[PDB]
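Descriptive analysis of the structure
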Amino acid sequence: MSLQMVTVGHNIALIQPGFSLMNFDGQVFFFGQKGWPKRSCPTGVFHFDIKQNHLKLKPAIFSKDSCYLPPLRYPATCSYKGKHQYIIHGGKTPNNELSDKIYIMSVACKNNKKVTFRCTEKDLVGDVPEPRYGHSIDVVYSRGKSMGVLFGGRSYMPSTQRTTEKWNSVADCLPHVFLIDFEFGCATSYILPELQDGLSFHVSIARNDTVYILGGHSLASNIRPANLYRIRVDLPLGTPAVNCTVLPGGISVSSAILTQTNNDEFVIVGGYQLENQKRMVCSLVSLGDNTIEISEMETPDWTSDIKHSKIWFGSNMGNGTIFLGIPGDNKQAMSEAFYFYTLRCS
Amino acid sequence: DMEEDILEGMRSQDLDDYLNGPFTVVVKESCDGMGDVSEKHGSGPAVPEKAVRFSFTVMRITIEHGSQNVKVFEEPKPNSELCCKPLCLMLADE
Ligand SMILES: [Ca+2]
């Protein structure tokens, strides 16, 4: 609950709504820049180093045998610590297309204060999910075997119901659950009768056998449902099995940012309460063996700029620190279009 | 909108005034910025506000009579201002 302003160097413009903040051994990295890969930094990723609250953005080159990736503006990113590597899937390219590749991101050499990523890609077979954004991906382990879950987000109309008077329209994806295998690219979709409507911009917490899909926004009904789920799964040697329960005590939350404060203890910082106005109070979630508890926290003090703004956005840096962003007011006509803050939980 | 001009075109090359197609229509395509458009009276420089349009131009129209192509329309002042029809307008930066 300690708000701190941060200042940005000369390449301030590469921050857009919908970035991605990777974490590698206490170090931070930026992803999802603006435009295309430039002449200066050919890859797109960056060093997000903050010292004395004046950040810089130094580039970071790739390996010899990587696969150069387009900057994805709203992907689903999960921390798969089984080495250490991030998983990117789907997204939204600069041409407003929706890619359908799984991007695996890991370090190959870090020395002389210069890193070298080794981004390779992976394709899915079986029940390939249609390309989308606003969704979330998570990995779970069971019986000594690993498996990745994937819940639906939102996407465009298919190639039949799409005419050019409404070419850029969107519709919520079908609310199945996908089980994806990072070893061989196998995906088998399962339809759940306890799951009714599509969901988008939710928060997903995993503890080793379950995914707590809390919040999320509904487009077809234009409401925010307060039904926190729990997808308790199981992985035998033969066929896998999924299960879900509906629990009480959820909150109407969408596009909030989730980060890790302690061991198995997480925090939720403001997304949107209704579509027009904002969400200010923050929530604390503590996990258990089989229980789930949410709880309010002490509402960290905001600047009057945050209390007067209409939107904001951001991600977490991993060390219990949220990096957010406020659009500067064009009525003052003297702004860099994006003021920033950092949020230390500790 | 250019009805009588295409009829006078095929009269001037001495075809029939009634003739089915197909005409081939060669159409120029162009999109470029428009700089500033701010109408800020005075006070202080409100903001930039750069806009940009998407436009086209019916450059020429040809037809064939069995064997040979013939040019029934040619637009005389190609990069003019009167003949650059607007198609899309947006108040977005280029
Ligand atoms: Ca020009």
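Residues numbered from 1 in each chain as written, not as in the entry; some residues may be left out. Chains lettered and ligands numbered in written order. Part of a larger assembly, values for the part shown. Heavy atoms only, no water. Residues with missing side-chain atoms left out of burial classes, pairs and counts.

Method of determination, as annotated in the archive: cryo-EM, at 3.7 Å resolution.

You'll find chain B entered in the PDB entry as V(D)J recombination-activating protein 1, with Mus musculus given as the organism.

As annotated in the PDB entry, chain A carries the name V(D)J recombination-activating protein 2 and comes from Mus musculus. In the Subunit part of its UniProt record, chain A is described as follows: "Component of the RAG complex composed of core components RAG1 and RAG2, and associated component HMGB1 or HMGB2." Taken verbatim from the UniProt record of chain A, the Subcellular location comment is "Nucleus". (UniProt positions renumbered as here; feature names shortened; annotations may be inferred.)

**Overview of the overall build of chain A**
Across its full length, chain A carries one helix and 29 strands. Relative to the globule expectation of 20 Å for 346 residues, the C-alpha radius of gyration of chain A, 20 Å, shows essentially globular dimensions. For chain A, the spread of C-alpha atoms along the three principal axes comes to 60 × 50 × 45 Å. (Helix = DSSP H or I, 4+ residues; strand = E, 2+ residues; numbered from the N terminus. Rg over C-alpha atoms; globule rule 2.2 N^0.38 Å.)

**Structural notes on the pairing of strand β24 (residues 265–269) of chain A**
All names here are of chain A. Of all five residues in β24, four are buried, a share of seventy percent or more. Where strand β23 (residues 257–262) and β24 come together, five bridges link them in antiparallel fashion. Considered in β24, the bridge of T259 is made with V267. Hairpin geometry of β23 and β24 is characterised by an intervening segment of two residues between the two adjacent antiparallel strands and by a positive phi of about 35 degrees at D264. Bridging between β24 and strand β25 (residues 283–287) involves four bridges; their strand directions are antiparallel. (Buried < 20%, exposed > 50% of the residue type's maximum accessible area, 1.4 Å probe, protein only. Pairing = 2+ DSSP bridges.)

**As for the sheet that holds strand β12 (residues 125–126) of chain A**
Taken together, five strands build an open sheet; the order of strands is β12-β18-β17-β14-β13 (chain A) and the sheet is mixed. Looking at strand neighbours, the two that pair on one side only are β12 and β13 (136–142) of chain A, the edges of this open sheet.

**Considerations on a positive patch on the surface**
Where like charges cluster on the molecular surface, the positive patch consists of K51, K56, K58 and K113 of chain A. Within the secondary structure, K56 of chain A is located in the loop between β6 (54–55) and β7 (58–59). (Patch = residues over 30% accessible without salt bridge, like charges linked within 9 Å, V, L, I, M, F, W, Y side chains within 5 Å. Areas by Shrake-Rupley, 256 points an atom, 1.4 Å probe, with all protein chains shown as cover. Salt bridge = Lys/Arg side-chain N within 4 Å of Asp/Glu carboxyl O. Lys, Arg positive; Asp, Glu negative; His and termini not counted. Charge placed at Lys NZ, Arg CZ, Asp CG, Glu CD.)

**As for the layout of surface pockets**
Space inside the second largest pocket adds up to approximately 310 Å³. What lines the second largest pocket is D1, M2, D5, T57, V58, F73, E75, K77, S80, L82, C83 and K85 of chain B. (1 Å grid on protein atoms, 1.4 Å probe; cavity = no way out; pocket = protein on both sides within 12 Å on 5 of 7 lines; lining within 4 Å. Points joined across faces, edges and corners; volume = space filled by probe spheres on them.)

**Considerations on the sheet that holds strand β20 (residues 210–214) of chain A**
In sheet architecture, strand pairing relies on hydrogen bonds along the backbone and comes in two forms, parallel and antiparallel. All names here are of chain A. Spatial strand order, β19-β20-β21-β22: four strands in an open sheet with antiparallel pairing. Two strands lie at the open edges of the sheet, namely β19 (203–206) and β22 (245–246), each paired on one side alone. Relative to β20, β19 runs antiparallel, the two sharing four bridges. Paired with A206 across the strands is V211, a residue of β20.

**Some words on the pairing of β25 of chain A**
All names here are of chain A. Along β25, the buried face is formed by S283, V285 and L287; none of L284 and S286, which line the opposite face, is buried. For β25 and strand β26 (residues 292–296), the ladder comprises five bridges, and the chain directions are antiparallel. The residue bridging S283 from the neighbouring strand is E296, located in β26.

**Overview of helix α1 (residues 3–12) of chain B**
Residues and elements named next belong to chain B. By the burial criterion, the buried members of α1 are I6, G9 and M10. One side of α1 holds all its buried residues, which, seen down the axis, span an arc of 85 degrees. Looking at α1, the residues exposed on the side facing more than 90 degrees away from the buried face are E4 and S12. Two residues or fewer after α1 comes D14, characterised by a positive phi angle close to 60 degrees. (Arc of directions from axis to C-beta.)

**Considerations on the packing of aromatic side chains**
Residue and element names in this part refer to chain A. Tallying each qualifying case throughout the model produces 18 aromatic pairs over all chains. Between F30 and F48, the ring centres sit 6.0 Å apart and the planes meet at 45 degrees, which makes this aromatic pair tilted. Of this pair, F30 sits in strand β3 (residues 27–31) while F48 sits in the loop between β4 (46–47) and β5 (50–51), and the two are 18 residues apart along the sequence. As far as burial versus exposure is concerned, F30 and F48 are alike and both buried. On the basis of an interplanar angle of 40 degrees and a centroid distance of 6.3 Å, the ring pair of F62 and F117 is categorised as tilted. For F117, a relative accessible area of 1% puts it in the buried group. The side chain of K92 reaches across the aromatic face of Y133, ending 4.9 Å from its centre. Directly above the aromatic system of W167 lies the positively charged group of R162, at a separation of 4.0 Å from the ring centroid. (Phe/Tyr/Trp six-rings, centres within 6.5 Å; stacked < 30°, edge-to-face > 60°. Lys NZ or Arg CZ within 6 Å of the ring centre and 35° of its normal.)

**Side note on unusual backbone geometry**
In this structure, the amide linkage connecting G21 of chain B to the following residue, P22 of chain B, adopts the cis form with an omega of 0 degrees. Inspection of the secondary structure assignment puts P22 of chain B in the loop between α1 and β1 (23–33). In the Ramachandran plot, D264 of chain A falls in the positive-phi region, its phi being about 35 degrees despite a non-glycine side chain. Position of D264 of chain A relative to the elements: it lies in the loop between β23 and β24.

**Quick word on the environment of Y86 of chain A**
All names here are of chain A. Inspection of the secondary structure assignment puts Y86 in strand β9 (residues 85–89). The exposure class of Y86 is buried, given its relative accessible area of 13%. Between the alpha carbons of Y86 and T321 there is a distance of 18 Å; along the sequence they are 235 residues apart. Aside from chain neighbours lying at most four places away, what touches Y86 is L21, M22, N23, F24, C78, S79, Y103, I104 and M105. (Contact = heavy atoms within 4.5 Å.)

**A few points about the nonpolar core**
Residues and elements named next belong to chain A. One finds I15, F19, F30, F48, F323 and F340 to be the most contacted residues of the largest nonpolar core, which totals 18 residues. Elements represented by at least two residues in this core include exactly β3 and β29 (338–344). What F340 contacts, discounting residues up to four positions off in sequence, is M5, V6, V8, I12, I15, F323, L324 and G325. (Core = buried A, V, L, I, M, F, W, Y, C linked by side-chain atoms within 4.5 Å.)

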